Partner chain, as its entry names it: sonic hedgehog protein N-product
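One chain comes next, on its own, written as structure tokens: the form deposited without its partner chain.
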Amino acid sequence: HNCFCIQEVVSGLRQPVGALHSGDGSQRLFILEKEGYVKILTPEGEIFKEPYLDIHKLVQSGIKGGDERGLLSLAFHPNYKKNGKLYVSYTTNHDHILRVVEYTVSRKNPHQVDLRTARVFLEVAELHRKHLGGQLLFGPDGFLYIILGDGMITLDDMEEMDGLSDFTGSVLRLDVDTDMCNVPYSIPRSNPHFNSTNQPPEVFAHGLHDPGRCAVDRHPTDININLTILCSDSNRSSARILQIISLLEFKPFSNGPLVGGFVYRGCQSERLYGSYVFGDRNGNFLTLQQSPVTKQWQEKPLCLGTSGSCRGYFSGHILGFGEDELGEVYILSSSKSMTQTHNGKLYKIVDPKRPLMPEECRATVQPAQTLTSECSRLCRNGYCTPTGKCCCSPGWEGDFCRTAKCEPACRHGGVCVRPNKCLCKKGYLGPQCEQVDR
């Protein structure tokens, strides 16, 4: 009598890999498709016909099972409501490269990102097509964590090939909130290699092999602990943890290989609040609890059962998980039958013991607005940083890169119209208007 149940929410996805919201109040859910798409699902349950992001041309997907290449992850800037910034990680065309790129939603349309605004941050080289990782997330510190798998690169493979990474197998951590204009991302002071020119400054921890989706506790009440990141891993199946006030390798699981996990922070289940949930491909879930007393970890199983329309099974295999803005969680699934007809699916987890909309859970949809920041309206000739800093293209300047540069200057009422281009009035001639007619 303690089971949870599963509700189908949408079908007809193409090989979904996960889903998340954008923290802008709009209760939109962004569904990632592996071939390279992000679709929008409204709180009313419509899927928009135009992708929010369509980069299937840049991304090298993959056909075989086990071929982990495609769109990997998506993270929205913590202040996206204002700056319209998002970060994606995909694999593109030494087998391939794993980019991590910043994009900016379009200025004219809240529901489509401006493909022109790409702004690459990392490019990690890859020899194989497994153990990639790619999970992006923002901690409450405001920094950008990137969990990378070892790419199954050996120490052999690393010493006899220059142009590898030192990044693979690691949790990197960046400060995207830079005012600098010459390097894409700053580096946190707290980093365990700030300025150190031996081990790479981005790295914040390492030794991950084949991580799944990693649970992320943001400790809203817990004032002592800042962020905990808990990862399933194979190579057989084990956990790895990270707490912030360099990672520890236990094994609380006693069965097969997990897809990943999540920390439930929703409102609809009371019983489940704060729990760490992990699941496998076939939908056997478990919870993890730390003993306050001994700090040891225990798996309790968590079961599914039918309760009305809300079933105790779902079809296909789990590929990923999803969390909406209200904190409710989803399963993304597909099969070999499912994937051939684009019938991947989004299911919601429900606590049948509680109402679907308890008084405490109501919330008012705040419809996504056109980008409004100062930097967005004015910075034409360059690019904005997340902080509002306009970073001029080459040959421009001024606060918002509005005024053009000419070395040398324009003369006889000339006018520096675009970089090294003078408008001469009628009658002076030349590159800089320096010669007079006749």
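Positions refer to the first chain, counted from 1. Just so we're on the same page, rigid core means the largest C-alpha set that superposes within 1.5 Å between forms.
Beyond what is shown, the protein has a form deposited with its partner chain bound; the following relates to that form.
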Q: Could you spot which one of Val183, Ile245, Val293, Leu155 gets a heavy atom to within 4.5 Å of its partner chain in the bound PDB entry?
A: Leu155
Q) Looking at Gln298, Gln199, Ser190, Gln366, which is the one with a non-hydrogen atom within 4.5 Å of its partner chain in the bound PDB entry? A) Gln199
Q. Is the gap between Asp179 and its partner chain in the bound PDB entry 4.5 Å or less for some heavy atom pair?
A. no
(Q) Against its partner chain in the bound PDB entry, would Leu164 count as a contact residue? Criterion: heavy atoms within 4.5 Å. (A) yes
(Q) Is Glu160 part of the interface with its partner chain in the bound PDB entry - any heavy atom within 4.5 Å? (A) yes
(Q) Which is the contacting stretch out of 164-172, 145-153, 259-267, 81-89, given heavy atoms within 4.5 Å of its partner chain in the bound PDB entry? (A) 164-172
Q | Comparing forms between this form and the one not shown after core superposition, the one residue of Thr364, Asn224, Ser254, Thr294 displaced by 2 Å or more at CA | A | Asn224
Q: Could you tell me whether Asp222 and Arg362 have their C-alpha atoms closer or farther apart in the bound PDB entry than in the shown form, knowing the shift is 3 angstroms or more?
A: farther
Q: Explain in one word, closer or farther, how the Cα atoms of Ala409 and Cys391 are placed in the bound PDB entry relative to this form, where the distance changes by 3 Å or more.
A: closer
